[PDB]
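Participant:
There are 2 protein chains.
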Amino acid sequence: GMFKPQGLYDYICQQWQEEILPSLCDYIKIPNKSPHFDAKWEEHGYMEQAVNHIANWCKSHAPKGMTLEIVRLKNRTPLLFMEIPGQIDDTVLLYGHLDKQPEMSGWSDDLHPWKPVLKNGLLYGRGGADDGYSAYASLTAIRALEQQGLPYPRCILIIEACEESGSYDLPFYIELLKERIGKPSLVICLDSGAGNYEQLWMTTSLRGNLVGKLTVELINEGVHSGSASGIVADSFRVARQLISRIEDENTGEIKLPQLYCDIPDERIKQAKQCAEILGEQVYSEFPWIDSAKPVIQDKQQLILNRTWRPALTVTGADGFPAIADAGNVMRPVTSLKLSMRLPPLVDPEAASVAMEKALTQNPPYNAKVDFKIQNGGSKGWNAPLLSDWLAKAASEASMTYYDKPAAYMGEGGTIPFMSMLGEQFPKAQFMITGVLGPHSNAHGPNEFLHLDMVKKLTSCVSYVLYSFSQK
Amino acid sequence: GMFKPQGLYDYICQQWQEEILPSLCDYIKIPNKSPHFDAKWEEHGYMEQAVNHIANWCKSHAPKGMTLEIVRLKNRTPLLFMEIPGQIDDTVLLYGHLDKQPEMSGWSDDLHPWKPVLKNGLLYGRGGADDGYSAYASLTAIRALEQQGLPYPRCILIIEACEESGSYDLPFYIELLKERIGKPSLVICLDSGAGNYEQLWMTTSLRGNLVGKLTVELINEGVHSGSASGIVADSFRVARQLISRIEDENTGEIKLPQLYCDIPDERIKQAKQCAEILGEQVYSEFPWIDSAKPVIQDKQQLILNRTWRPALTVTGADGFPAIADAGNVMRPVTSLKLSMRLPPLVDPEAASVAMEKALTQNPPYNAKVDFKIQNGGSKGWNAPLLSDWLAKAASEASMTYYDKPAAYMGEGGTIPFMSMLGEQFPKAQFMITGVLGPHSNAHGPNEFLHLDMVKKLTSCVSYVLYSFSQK
Ligand SMILES: [Cl-]
Ligand SMILES: [Cl-]
Ligand SMILES: [Cl-]
Ligand SMILES: [Cl-]
Ligand SMILES: [Cl-]
Ligand SMILES: [Cl-]
Ligand SMILES: [Cl-]
Ligand SMILES: [Cl-]
Ligand SMILES: [Cl-]
Ligand SMILES: [Cl-]
Ligand SMILES: [Cl-]
Ligand SMILES: [Cl-]
Ligand SMILES: [Cl-]
Ligand SMILES: [Cl-]
Ligand SMILES: [Cl-]
Ligand SMILES: [Cl-]
Ligand SMILES: [Zn+2]
Ligand SMILES: [Zn+2]
Ligand SMILES: [Zn+2]
Ligand SMILES: [Zn+2]
Ligand SMILES: [Zn+2]
Ligand SMILES: [Zn+2]
Ligand SMILES: [Zn+2]
Ligand SMILES: [Zn+2]
């Protein structure tokens, strides 16, 4: 009778076109890099511009009874908080972020990180997809239920401004806000990936991440390499030898058992199913150069590599002159930034201790070796047992708006707040989902928000909120 | 009777103190970086200042009949040429350079690369020892024989300005000057090392050197590492795997047989003797950090590692953000500058082909891999059979001025012109020697010229020139 699922989609599409898109485009212009990428973010004022821009829009599109506050702690990024009272005596917590990754290199000639460009049904620019859409879609999902005169639960929306720097500000806000937030029964987060743009993707796990700096030195100044080569070990050779203690150079297999966990059987089964759904799109849509290929061909194992196994990337370095600048001097120091994704269930403290010991003990040639972990190292997340009402709601929503079943897969990235919530609220259910499908390029050049996908996804969120109301 | 060996030393010491040192100190102020370190060297005018400074001094300290010319080819570094006719119908060719390595980091607070500082009998500054002293000492060695009224051979002095960039200009000058230079019977080069500051060191070999850029890419833009890690091999892992094809990470042993030669037995014997002379000073005087140690403890083998075996150093890199700047993005490209010293007898072309094939064939994961060698890759040198007259002259000179025997050892660095001369003039004898002993720090911070050493060395050169006259 009161609930019209296609009415939800029609309203949500109109809202996306007429109300959201202009505002979101204006948000893309704001160069509000997260604090790790701009230590002077406060002085520069862009973060403040962004939170006021999104807050302004929320206030003019407010559900009934909404309290909105830009919450502020000293020297911290601001936090956008909304409380929508609803009529049902239960709470849902919706989360996203509004801070951005930096420009990056490789933008197409017609595209720019701080210039919104709408082409081929895609909205290009930094932060449209990751994660500017989140506040808009979350609030619109509630507004769509009000359009139909339907009741809904109490909703708390948290749109933070430190996520791209590890959410280090967030625990302080949650301590301030704890009693006001209360106990959510459902957590919705619109900052995750999608296997394709054809169905609803439910994230069943997130990896942890630990970042540190490995420094290796044998000598305290640069030395003529003719004199030294053959007697003084080069610090680069010692550094790569140390990395071989933790990672096999041929396969990439991490050698430290403390960086693995047992993978739940249901996640192995889900990976099999997702391999069948995606086929070669498990890997084919990475920006491979020439005939480059993935580390192995088995699609299920690739999914598990990405979701349930540790993996190292070397993301920066100090101590190297530019090649065109360089003479032949043997360098005094090699420093490498090591970024280690962790399986969902691995404790970052235990993994940190294991990495530091493996990399620093018994130094080759009594080299001076340090491995300094960055604070803000964060645990992954594994979904709790899925409630029947949410399995049904997700399936129904996906079939309604995509005409395809909901699909369940792990996410290879890291969203620190989900681990926090899963620990604080062990009985909460989660809907962690998003729009970051193939070529969406979060953290990369030519980032886009897929508009068809986000309209359908916003509808799914609204449908699940309605379903929550009925359980 | 006419020859007074101590008279040579007395005059040479007075000349060093009164005539050379002020001029050499003024030369240290000139920041004439070699072209590899300053592409605008011609515009900047420092190279021209340096060659005119040394030429001015030579003209005012000229032996009889000297022709001096600053020889110039279009767009090439200038070349300082002297011809001193002498009275004996044979030719000696004396060589050094006046171009400089750049500043480097790590200078002591009271010291500066372009500020001469004389302390503790040492002259600090860039280019005093490597290799500004060479023109002064070479000309003074001849002047000392004129002081005594002694005859000497025809002498050609070549002081080039491209040595620190691989002497790429020099073949063009030698083609221009070939017929004027004629056929030297003895080559003296004052740009080599010394095991200690206590005796004459005769260089019996020089290593070759090949430099190239290794580039590895799997993807054509940076990608979110959460998405990619576990599926797309990191380019750093592939690069270190490739380096393991050519170098064992545990020992530093080069794995390519084409980069080794047979070591002449007499050089193995000489290394044994030099190990006995030097003891732990084979390695103890490198600037080790904390308790860092050399790659092995065997002193003779360390000498041979440094002189007769290939060795790799990684001297620069492109494609890495600074660690404090960096996010966690998987990088599109890893590029490393590889500097490979070669044994004296190894052909750099054959070694180049072997390195490029080993590094680029069968690329892991069909990565895009390139290894591009820098032109100006240069062969080492091995001394010819030592003539009895020169063995005697070197021994006599060393005993006279140092009260210790001459010592014979290989040099781990590279002087391209010596290979050129050894090929062009197979019957020439060589006296390749110098002042670069422990802590002298050529190519490093706090470079110094040891003044006692250089006075005695200049005397040895003069003694050997007198001996040449008598054979
Ligand atoms: Cl910054
Ligand atoms: Cl704005
Ligand atoms: Cl605005
Ligand atoms: Cl760009
Ligand atoms: Cl060097
Ligand atoms: Cl050496
Ligand atoms: Cl992430
Ligand atoms: Cl709970
Ligand atoms: Cl330059
Ligand atoms: Cl001058
Ligand atoms: Cl002057
Ligand atoms: Cl310095
Ligand atoms: Cl990333
Ligand atoms: Cl992923
Ligand atoms: Cl060299
Ligand atoms: Cl000859
Ligand atoms: Zn605005
Ligand atoms: Zn995000
Ligand atoms: Zn992000
Ligand atoms: Zn993903
Ligand atoms: Zn001058
Ligand atoms: Zn030199
Ligand atoms: Zn040099
Ligand atoms: Zn040496």
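The listed protein sequences correspond, in order, to chains V and R. For the working numbering, add 26 to where a residue sits in the first sequence, where the first one is 1. For the working numbering, add 26 to where a residue sits in the second sequence, where the first one is 1. Backbone N, C-alpha and C define an ideal beta-carbon position, used for all residues, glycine too.
Less than 6 Å between the CB of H79/R and some heavy atom of ligand 21, yes or no?
Facilitator: Here residue 79/R refers to the residue found at position 53 when the second sequence is read from its first residue. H79/R Cβ: within cutoff of ligand 21.
Participant: Please classify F29/R: does DSSP put it in a helix, a strand, or coil?
Facilitator: Against the second sequence, residue 29/R aligns to sequence position 3. The answer is coil: DSSP assigns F29/R none of H, G, I, E or B.
Participant: Give me the subset of the region 446-477 of chain V whose CB atoms are less than 7 Å from a CB atom of chain R, sorted by chain position.
Facilitator: From the region 446-477 of chain V, only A468, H469, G470 and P471 have a Cβ closer than 7 Å to chain R.
Participant: If you draw a straight line from the alpha carbon of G402/R to that of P369/R, how long is it in whole angstroms?
Facilitator: The sequence position of residue 402/R within the second sequence is 376, counting from 1. The sequence position of residue 369/R within the second sequence is 343, counting from 1. Roughly 17 Å separates the two Cα atoms.
Participant: Is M356/V close to chain R, meaning its C-beta is less than 7 Å from at least one C-beta of that chain?
Facilitator: Counting from 1 along the first sequence, the entry for residue 356/V is found at position 330. With 7 Å as the cut-off, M356/V counts as an interface residue toward chain R.
Participant: Would you kindly work out how many angstroms separate the C-alpha atoms of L216/R and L137/R, rounded to a whole number?
Facilitator: In the second sequence, the residue the question calls residue 216/R occupies position 190. In the second sequence, the residue the question calls residue 137/R occupies position 111. Cα-Cα distance, rounded: 24 Å.
Participant: Taking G256/V and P358/V to be in contact with their CB atoms under 8 Å, please state how far apart those CB atoms are, rounded to whole angstroms.
Facilitator: Within the first sequence, residue 256/V is the residue found at index 230, counting from 1. Within the first sequence, residue 358/V is the residue found at index 332, counting from 1. About 18 Å separates the two Cβ atoms, so there is no contact after all.
Participant: Please confirm whether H250/V has its beta-carbon closer than 7 Å to some beta-carbon of chain R.
Facilitator: Sequence index remark: in the first sequence, residue 250/V carries index 224 (1-based). Closer than 7 Å: yes.
Participant: Residues around ligand 15, please: the ones whose beta-carbon is closer than 7 Å to some heavy atom of it, in chain order.
Facilitator: Listed by chain position, these are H250/V, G252/V, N354/V, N235/R, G439/R and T440/R.
Participant: In chain order, what residues of the region 148-181 of chain R put their CB closer than 8 Å to some CB of chain V?
Facilitator: Of all residues in the region 148-181 of chain R, none has a Cβ within less than 8 Å of some Cβ in chain V.
Participant: Kindly indicate if chain V contains any beta-carbon less than 7 Å away from that of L137/R.
Facilitator: Taking the first residue of the second sequence as 1, we reach residue 137/R at position 111. By this cut-off, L137/R is not an interface position.
Participant: Report whether the distance from the Cβ of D195/R to the nearest heavy atom of ligand 22 is below 6 Å.
Facilitator: Here the question's residue 195/R lines up with position 169 in the second sequence. No, since every heavy atom of ligand 22 falls outside the 6 Å radius drawn around the Cβ of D195/R.
Participant: Count the other CB atoms within 10 Å of the CB of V379/V; is the residue buried (16 or more) or exposed (fewer)?
Facilitator: Against the first sequence, residue 379/V aligns to sequence position 353. So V379/V counts as exposed.
Participant: Closer than 8 Å between beta carbons: that is the criterion. Which residues of the region 230-257 of chain R meet it against chain V?
Facilitator: Those would be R233, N235, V237, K239, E243, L244, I245, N246, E247, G248, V249, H250, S251, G252, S253, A254, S255, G256 and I257, in chain order.
Participant: Got a sec: is the Cβ-Cβ distance from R293/R to anything in chain V below 7 Å?
Facilitator: In the second sequence, counting from the first residue as 1, residue 293/R sits at position 267. It does not; no Cβ of chain V falls within 7 Å.
Participant: Is the number of C-beta pairs between the region 101-112 of chain V and the region 79-92 of chain V that are closer than 8 Å three or more?
Facilitator: Taking 8 Å as the limit for Cβ pairs, the verdict is that the region 79-92 of chain V does touch the region 101-112 of chain V.
Participant: On the three-pair Cβ rule with 8 Å, is the region 452-468 of chain R touching the region 257-273 of chain R?
Facilitator: No: fewer than three Cβ pairs fall under 8 Å.
Participant: Who pairs with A432/V in a beta bridge, going by DSSP?
Facilitator: Here residue 432/V corresponds to residue number 406 of the first sequence, with the count starting at 1. Bridge partners of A432/V: none, in fact.
Participant: Excluding five sequence neighbours on each side, which residues of the same chain lie with their C-beta closer than 7 Å to the C-beta of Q174/R?
Facilitator: As a first step, residue 174/R is located in the second sequence; it is residue number 148 there, counting from the start. So the qualifying residues of the chain are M28, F29, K30 and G33.
Participant: Using DSSP's beta-bridge definition, name the partner residues of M356/R.
Facilitator: The residue labelled residue 356/R in the question sits at position 330 within the second sequence. The partner list for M356/R (beta bridge, DSSP) reads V249/R.
Participant: How many Å lie between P374/V and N408/V at the Cα?
Facilitator: Numbered from 1 along the first sequence, position 348 holds the residue referred to as residue 374/V. Numbered from 1 along the first sequence, position 382 holds the residue referred to as residue 408/V. So the two alpha carbons sit approximately 15 Å from each other.
Participant: So, using beta-carbon positions, are residue 14/R and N246/V closer together than 7 Å?
Facilitator: Nothing about residue 14/R can be read from this structure; chain R reaches only from 27 to 497.
Participant: So what does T103/R bridge to, in DSSP terms?
Facilitator: Numbered from its first residue, the second sequence carries residue 103/R at position 77. Paired residues: none, contrary to the question.
Participant: Is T341/V close to chain R, meaning its C-beta is less than 7 Å from at least one C-beta of that chain?
Facilitator: If you number the first sequence from 1, residue 341/V lands on position 315. Chain R, which has a Cβ nearer than 7 Å to the Cβ of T341/V, makes this yes.
Participant: May I ask you to report which of helix, strand or coil DSSP gives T386/R?
Facilitator: Stepping through the second sequence from its first residue, residue 386/R is reached at position 360. Residue state, collapsed to three classes: helix.
Participant: For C188/V, which three-state DSSP category applies?
Facilitator: On the first sequence, position 162 is the one that residue 188/V refers to. Note: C188/V maps to coil in three-state DSSP.
Participant: With a cut-off of 6 Å, give the chain-ordered residues whose Cβ is closer than this to any heavy atom of ligand 19.
Facilitator: Cβ-based neighbours of ligand 19 within the cut-off: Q127/V, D156/V, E190/V, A468/V and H469/V.
Participant: Cβ of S255/R versus every heavy atom of ligand 12: is any distance shorter than 6 Å?
Facilitator: Here residue 255/R is taken as the residue at index 229 of the second sequence, counted from 1. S255/R Cβ: outside cutoff for every heavy atom of ligand 12.
Participant: Any chance you could list the alpha helix (DSSP H) runs of at least 4 consecutive residues sitting entirely within the region 137-182 of chain R, in chain order?
Facilitator: You should have 159-173.
Participant: Ignore the nearest five residues each way along the sequence and tell me which others in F443/R's own chain have a CB closer than 7 Å to its CB.
Facilitator: Locating residue 443/R in the second sequence gives position 417, where the first residue counts as 1. Contacts found: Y121, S193 and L196.
Participant: Taking just the CA atoms, how far does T229/R sit from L304/R?
Facilitator: For the purposes of this step, residue 304/R is taken as residue 278 along the second sequence, with counting starting at 1. For the purposes of this step, residue 229/R is taken as residue 203 along the second sequence, with counting starting at 1. Spanning the two alpha carbons is a distance of roughly 15 Å.
Participant: Say the cut is 6 Å; is the CB of residue 21/V nearer than that to a heavy atom of ligand 20?
Facilitator: Shown here, chain V extends from 27 to 497; a query on residue 21/V therefore has no answer.
Participant: Counting only beta-carbon separations shorter than 7 Å, does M130/R have a partner in chain V?
Facilitator: The count along the second sequence starts at 1 and reaches residue 130/R at position 104. Closer than 7 Å to some Cβ of chain V, the Cβ of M130/R qualifies, so yes.
Participant: Taking the beta strand (DSSP E) that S231/R falls in, what are its first and last residues?
Facilitator: Locating residue 231/R in the second sequence gives position 205, where the first residue counts as 1. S231/R -> beta strand (DSSP E) spans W227 to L232.
Participant: Please report the distance separating the alpha-carbon of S251/V from that of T339/R.
Facilitator: Within the first sequence, numbered from 1, the residue matching residue 251/V stands at position 225. Within the second sequence, numbered from 1, the residue matching residue 339/R stands at position 313. Taking the straight line joining both Cα atoms gives about 7 Å.
Participant: Rounded to whole angstroms, how far is the Cβ of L226/V from the Cβ of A432/V, which I believe are closer than 8 Å?
Facilitator: Start at 1 with the first residue of the first sequence, and residue 226/V comes out as number 200. Start at 1 with the first residue of the first sequence, and residue 432/V comes out as number 406. Right, their Cβ atoms sit about 4 Å apart.
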